[PDB]
Amino acid sequence: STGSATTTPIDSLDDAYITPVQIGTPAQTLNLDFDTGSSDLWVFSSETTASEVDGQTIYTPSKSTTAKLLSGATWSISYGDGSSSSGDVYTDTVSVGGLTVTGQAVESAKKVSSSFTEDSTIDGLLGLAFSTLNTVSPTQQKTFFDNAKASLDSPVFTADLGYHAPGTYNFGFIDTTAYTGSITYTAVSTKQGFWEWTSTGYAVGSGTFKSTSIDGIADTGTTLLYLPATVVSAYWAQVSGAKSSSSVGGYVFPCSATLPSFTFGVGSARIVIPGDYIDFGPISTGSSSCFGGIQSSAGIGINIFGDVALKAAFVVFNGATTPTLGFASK
């Protein structure tokens, strides 16, 4: 089997991407944030504290003839941005882009933190990291990809995120028309539960490539590119007036600037992030200070190849017995 679904930016900045997911019988379609940095499929639901729902579409398990309470199971998750959610668990039929999994754990939120309530466009998350990070207790549950894998034509999914435009998540096949050149594959460590790999270096603009190993994670659920402070300083030093602002929470730059590109290495190959992808707009409405899309990972404890980086590539998440990642230009 295969599946193919379009993913759409939630706003004009590509702050996140939503993909429609069918849950239950008859189908209830929710728009979920596909997150290769976590491993829980959780949704706003009829059980979510009413004051914490503000415009999201909810899953109502009582209206699904295939929903079954997973007795005794609870979940609770905290994300790197400080947001969190928790609740109980049903199993139900879940389909993405024509690919169906029966008996998928659907984690129903009883509580969500303010940032989730405040984002009316995201109805939940669909985790695509390794199932060892799944938070369901006392019986850990499998991700949608893990449940579908054996049925797929090939045990892979691909992320093709757009810049200010829709893109695609495919399951079970590699669309050879979706990228240019060849796909370069690179080793993955699953020891922390992430799609963790090592970039071979970077360049700023037209500058020379610096060969240096940068361990980090491919994380579709993180908006920005978080890299070591040395790398980030070298980037922003090329932008007149850019500075790190403790009060804003990262590097800012004059909105009048033209930003240089940023290149990262994948083996001997190179992925080029255009400068425009690094502009996240005014820090507050009407400000001429703009927020940068490359930020320091110092204090986060891991480097994160988030959407800013991934949207510049066609990315293969290869879930073969020994997982690997593939990157191609597009």
Side-chain angles (χ1 to χ4, degrees), residues 9-17 35-37 79-83 115 118-119 161-164 194 196-242 244-266 270-313:
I10 64 166
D11 64 21
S12 64
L13 299 177
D14 299 347
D15 281 317
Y17 297 78
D35 180 13
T36 63
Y79 296 102
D81 67 352
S83 69
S115 63
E118 289 160 7
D119 182 3
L161 303 178
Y163 167 67
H164 294 355
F194 300 121
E196 188 172 1
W197 65 290
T198 302
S199 173
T200 49
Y202 68 99
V204 177
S206 58
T208 58
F209 188 82
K210 174 72 167 182
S211 292
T212 184
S213 295
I214 305 170
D215 181 286
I217 67 170
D219 185 0
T220 59
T222 289
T223 312
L224 307 184
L225 174 52
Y226 294 88
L227 291 171
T230 48
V231 179
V232 177
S233 182
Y235 178 80
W236 288 110
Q238 296 305 308
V239 179
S240 296
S244 182
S245 166
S246 53
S247 59
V248 176
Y251 279 90
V252 297
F253 68 93
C255 292
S256 60
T258 300
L259 296 177
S261 64
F262 184 88
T263 299
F264 64 93
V266 182
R270 306 288 180 254
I271 299 296
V272 180
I273 305 171
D276 287 352
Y277 290 26
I278 299 159
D279 181 2
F280 279 74
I283 60 173
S284 294
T285 305
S287 179
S288 72
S289 293
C290 273
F291 198 66
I294 296 180
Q295 297 293 346
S296 178
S297 65
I300 305 179
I302 197 158
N303 300 306
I304 307 173
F305 294 87
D307 298 334
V308 163
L310 303 183
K311 75 177 69 177

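Just the heavy atoms: all of them, side chains too, but no hydrogens, waters or symmetry mates, feed the values below. Index from 1, following the sequence.
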**Message:** Assess the residue pair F262 and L227 against the criterion (side-chain contact (heavy atoms from CB on, under 4.5 Å)); give the C-alpha distance rounded to whole Å, side-chain angles, the decisive distance to 0.1 Å, and a yes or no.
**Reply:** CA-CA 12 Å; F262 184 88; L227 291 171; 3.6 Å; yes
* Take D307 and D14 through the test side-chain contact (heavy atoms from CB on, under 4.5 Å) and record every step on the way to the result. => CA-CA 8 Å; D307 298 334; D14 299 347; over 6 Å; no
Problem - Pair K311-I273, side-chain contact (heavy atoms from CB on, under 4.5 Å): steps then yes or no - result: CA-CA 8 Å; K311 75 177 69 177; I273 305 171; over 6 Å; no
Self-check item: Trace of the ring pair (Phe, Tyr, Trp, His ring centres under 6.0 Å) decision for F305 with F264
Solution: CA-CA 10 Å; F305 294 87; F264 64 93; 5.5 Å; yes
Q.
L259 vs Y277, test: side-chain contact (heavy atoms from CB on, under 4.5 Å). Steps then yes/no.
A. CA-CA 9 Å; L259 296 177; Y277 290 26; over 6 Å; no
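Between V252 and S245 the shortest heavy-atom distance is CG2-CB, 4.2 Å. Counting all heavy atoms, side chain and backbone alike, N303 lies closest to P228 at OD1-CD, 3.2 Å. Contact between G265 and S199 at its shortest, heavy atoms only, is O-OG, 2.8 Å. Residues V308 and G293 come closest through the heavy atom pair CG2-O, 3.7 Å. Looking at every heavy atom in both residues, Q295 comes nearest to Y251 through OE1-N, 2.8 Å. Residues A312 and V272 share a closest heavy-atom pair of CB-O, 3.6 Å.
In this structure, the side chain of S287 does not engage the main chain of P282 through any donor-acceptor pair within 3.5 Å. A donor-acceptor pair is defined here as one N or O able to donate and one able to accept, closer than 3.5 Å; no such pair exists between the side chain of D215 and the backbone of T198. Judged by distance alone, with hydrogens and angles left aside, the side-chain atoms of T36 form a donor-acceptor pair with the main-chain N or O of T220 at under 3.5 Å. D219 places a side-chain N or O within donor-acceptor distance of the main-chain N or O of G37, the cut-off being under 3.5 Å.
When side chains are defined from C-beta on, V248 counts as touching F291, because their heavy atoms get closer than 4.5 Å. Looking at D276 and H164, their side chains never come closer than 4.5 Å, going by heavy atoms from C-beta outward. Side-chain atoms of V232 and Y226, non-hydrogen and from C-beta on, never get closer than 4.5 Å to each other.
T222 OG1 to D81 CG: the interatomic distance, rounded to the nearest 0.5 Å, is 7.5 Å. Rounded to the nearest 0.5 angstrom, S261 OG and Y235 OH are separated by 7.5 Å. From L224, atom CG reaches atom OG of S296 across 12.0 Å, with rounding to the nearest 0.5 Å. Once rounded to the nearest 0.5 Å, the distance linking CG of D15 with OH of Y17 reads 9.5 Å.
Ring geometry, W236 versus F253: the interplanar angle falls under 30°, so the pair is classed parallel (tilted spans 30 to 60°).
Applying the side chain to side chain contact (heavy atoms under 4.5 Å, CB included) rule to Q238 yields the partners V204, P260; only residues at least two apart in sequence or on another chain are considered.
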